[PDB]
Each structure stands twice: as structure tokens, then as C-alpha cells.
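**Q** Sequence first, structure after, both from an experimental entry:
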Amino acid sequence: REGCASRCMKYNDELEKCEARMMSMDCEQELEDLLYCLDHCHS
Amino acid sequence: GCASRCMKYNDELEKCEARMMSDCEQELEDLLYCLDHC
Amino acid sequence: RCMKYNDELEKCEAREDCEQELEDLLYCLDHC
Amino acid sequence: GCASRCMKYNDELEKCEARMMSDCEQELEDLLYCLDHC
């Protein structure tokens, strides 16, 4: 639900940090874990 | 915190992926955009 | 590649004005 | 307000670029990290 979804913001945080690292120094693993998380909330 | 308010953008991506199995890049872009703002 | 958006942010920092340039970099990164 | 507290990270990058003209990726990473958390 909306409760489950909040626990998937942490996966966006990790993706935000990775993109910063990527513009400085792939973040596909961090996105995959975000979509996985969002997918489980959906079903 | 704001993740629930972006679930509608996941719904659209879910529906697009179903359509795709039957790019969805625009639906993901709108999900990441949503998650980014907050 | 979002490098042009980084360039603009770098140039702004050298010179609120620069949070707009970061916003356009995060937007770009969301796209890329 | 948050952004001003990230100027110190630009200072370090400016100093590193001067040293480099005489990699600064770590100094930029800490700048982008700082800007991101704003």
C-alpha cells in the first residue's frame, strides 16, 4: 500500500547517491531494486 | 515519505509493461521525475 | 550523458541561481 | 540556505582544479552529493 511505498523511498535515496557518483566517476542495480520494491507494493 | 504520491506513475508503468509484453521509457521518466521532486 | 547540465552548474558555482542548475542536472539524470 | 553550506565543496574543487592545472573527481562527487541532499 502507501505504507509499503514509503519503505521504497530508501531505494530512490540510493539511486540519487549513485547518479551523483556516476556524474562524478552504472546505477542499473539501484534502479532495478527501486522497480522491484515498487512492483511488490503494487501487488 | 512522498513515495505513495508517485505510485500512480508506477501504475502507468505497470500498464505500459503489460502493453509492451502484448519502450515505456516516458512512463519510467515520469516515475523518476516524481520520485526526484520531494 | 548529462555533461552540459554539469558544465552549467560548474560555471554557476564559479560565478538560488545554482539550485536551478542542479534541479536541471537531477531532471537530466532521471532521463539518462 | 542548504546550497550555501555546499559552497565549501566548490571551494575545494576550485583549489583542486588549480592544483590539477599545476583528478578532482572526489571533490566534484562531494559537491554533487552535497547539492543532491539539498
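**A** Received it, and whenever you're ready, just let me know what you need. Numbers count the residues shown, from 1 in each chain, chains lettered A, B, ... in the order given.
**Q** which residue does chain A bring closest to chain C?
**A** Chain A approaches chain C most closely through residue A:19 (4.3 Å), counting by CB to the nearest CB. In short, each C-beta sits where N, CA and C put it, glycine included.
**Q** For the closest residue to that residue other than its chain neighbours, give me its contacts.
**A** Closest residue to residue A:19 apart from its sequence neighbours, by CB to CB, 6 or more residues apart in numbering or on different chains: residue C:29 at 4.3 Å. Applying CB atoms under 8 Å, 6 or more residues apart in numbering or on different chains to residue C:29 gives the contacts A:19, A:22-23, C:2.
**Q** what about 7 Å?
**A** A:19, A:23, C:2 (CB atoms under 7 Å, 6 or more residues apart in numbering or on different chains).
**Q** and stretch A:22-33, how far from the chain's centre?
**A** 10 Å (CA atoms, centre = their mean, to the nearest Å).
**Q** Oh, that last question was meant for stretch A:2-22, not what I typed.
**A** On CA atoms, centre = their mean, the centre of stretch A:2-22 falls 4 Å from that of its chain.
**Q** before we move on, what about stretch A:26-36?
**A** Taking mean C-alpha positions (CA atoms, centre = their mean), stretch A:26-36 and its chain are 6 Å apart.
**Q** Extract the C-alpha trace of that stretch and format it as PDB.
**A** C-alpha atoms of stretch A:26-36 as PDB (Å, rounded to 0.1, in the frame of the first residue of the first chain):
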ATOM      1  CA  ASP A  26      26.100   2.200 -13.900                       C
ATOM      2  CA  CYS A  27      23.200   2.700 -11.400                       C
ATOM      3  CA  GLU A  28      21.000   0.000 -13.100                       C
ATOM      4  CA  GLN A  29      21.200  -2.200  -9.900                       C
ATOM      5  CA  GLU A  30      19.900   0.700  -7.800                       C
ATOM      6  CA  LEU A  31      17.000   1.300 -10.300                       C
ATOM      7  CA  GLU A  32      16.300  -2.500 -10.500                       C
ATOM      8  CA  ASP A  33      15.900  -2.600  -6.700                       C
ATOM      9  CA  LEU A  34      13.600   0.500  -6.800                       C
ATOM     10  CA  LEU A  35      11.300  -1.000  -9.500                       C
ATOM     11  CA  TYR A  36      11.400  -4.400  -7.700                       C
END
